[PDB]
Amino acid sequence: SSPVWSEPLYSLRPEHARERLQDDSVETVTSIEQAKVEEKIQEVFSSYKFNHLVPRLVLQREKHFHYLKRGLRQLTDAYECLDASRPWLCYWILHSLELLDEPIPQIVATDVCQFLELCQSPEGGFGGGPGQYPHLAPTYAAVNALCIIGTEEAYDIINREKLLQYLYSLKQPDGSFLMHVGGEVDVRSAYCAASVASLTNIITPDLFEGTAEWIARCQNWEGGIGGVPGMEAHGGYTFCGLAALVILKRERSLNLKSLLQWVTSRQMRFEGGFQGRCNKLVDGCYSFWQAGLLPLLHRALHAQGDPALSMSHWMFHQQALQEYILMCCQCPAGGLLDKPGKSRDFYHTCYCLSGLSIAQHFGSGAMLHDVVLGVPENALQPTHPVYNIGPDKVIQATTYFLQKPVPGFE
């Protein structure tokens, strides 16, 4: 073996150079862009190697913490474009802090609860800010944020009776859901609805009638899932689709074989990170949307009695993903990002960290196997693959709400 102060990396092996793009001497916009990213990434990788000396990689926890702590209270006008997504900012930041095991002061927690209460609509659901119409995306974010806080104060903010009525007000006869009244339809809505309904215990027999079938129609020839039937497979929509089906216990409605082959193919042989769709670029946020699909598929196949499943690893290159996130997605000033050259933002900070946690932790049944690349302190808290909040938070919230009746239903 090697001394504790040097840790060989997959991305630094001499044979890794063979993984560079082969454009077959036929250049198109796609290959040109891919080659540009690979050139930059190789430069980054090389900066972490000093011949046979390869220092352990470090997650800059403290820098990330200070960036997050500041954002939770105030934001520059650069975030005016997210004025209709305030609950998302709460969730992204709180989940990042949770992954980093950084305590949330009680005062700050109460202030977040009060703010989300102001975003809650009298018709049920939460809007992007005080007085805004409710929308399933901020509703999903608000519920997740309240569950991360996990106090009875936070749980009780949610008006469950109106929330269920609101979900009914968005339900379509073909099984799909509108994102908001008079709004668009895509797989994101099914997941947002399934996530908040299961956590708050408001699922009725008919709420999701036809939903599983509609989601299956979104799986396409590629194996992944598109936003609506007929559309290109995309990691974001595929995560939403599979996670929703897992909540509904209808994963078998999909061709899991083609889905598995599709997502594993989305990990970039050279960069180590994941792309959102075939022939597009690597991006740190897909560390969650794409890689998060492996724990879901593992669970789904394990429920089916698959005798070939691993008892120690997810079906993606866990080490290579950690290498991509740690070497290429950290902003030296704190925060994480899409790829070198891009600026940090709270959204990428949330998902790059969520993906890193998934890559470090394997769990199935009574089996637990951790693979924490770099210094030991890099280990993050685990995240639930369905909800993307701590597993402890999921259990605590589900248990709390299971003690309440389904609004006006028996």
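Start at 1 with the first residue shown and count on from there. For clarity, a rigid core is taken as the largest C-alpha set superposing within 1.5 Å between two forms.
Note on 73-81 and 237-245: with rigid core alignment, C-alpha atoms in 6 other deposited structures of this protein sit farther from this form for 73-81. When the C-alpha B-factors of 243-251 and 98-106 are averaged, 98-106 comes out higher. For the pair 228-236 and 118-126, the mean B factor over Cα atoms is greater in 118-126. The PDB entry assigns the greatest CA B-factor among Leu59, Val54, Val371, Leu353 to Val371. Ranked by Cα temperature factor within the chain, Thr151 sits in the highest third according to the deposited record. Sort the modelled residues of the chain by CA B factor and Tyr387 lands in the lowest third.
Split the chain's modelled residues into thirds by C-alpha temperature factor. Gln290 is in the lowest one.
In the deposited entry, the Cα temperature factor of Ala366 places it in the highest third of its chain's modelled residues.
Sorting the modelled residues of the chain by their CA temperature factor places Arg160 in the middle third.
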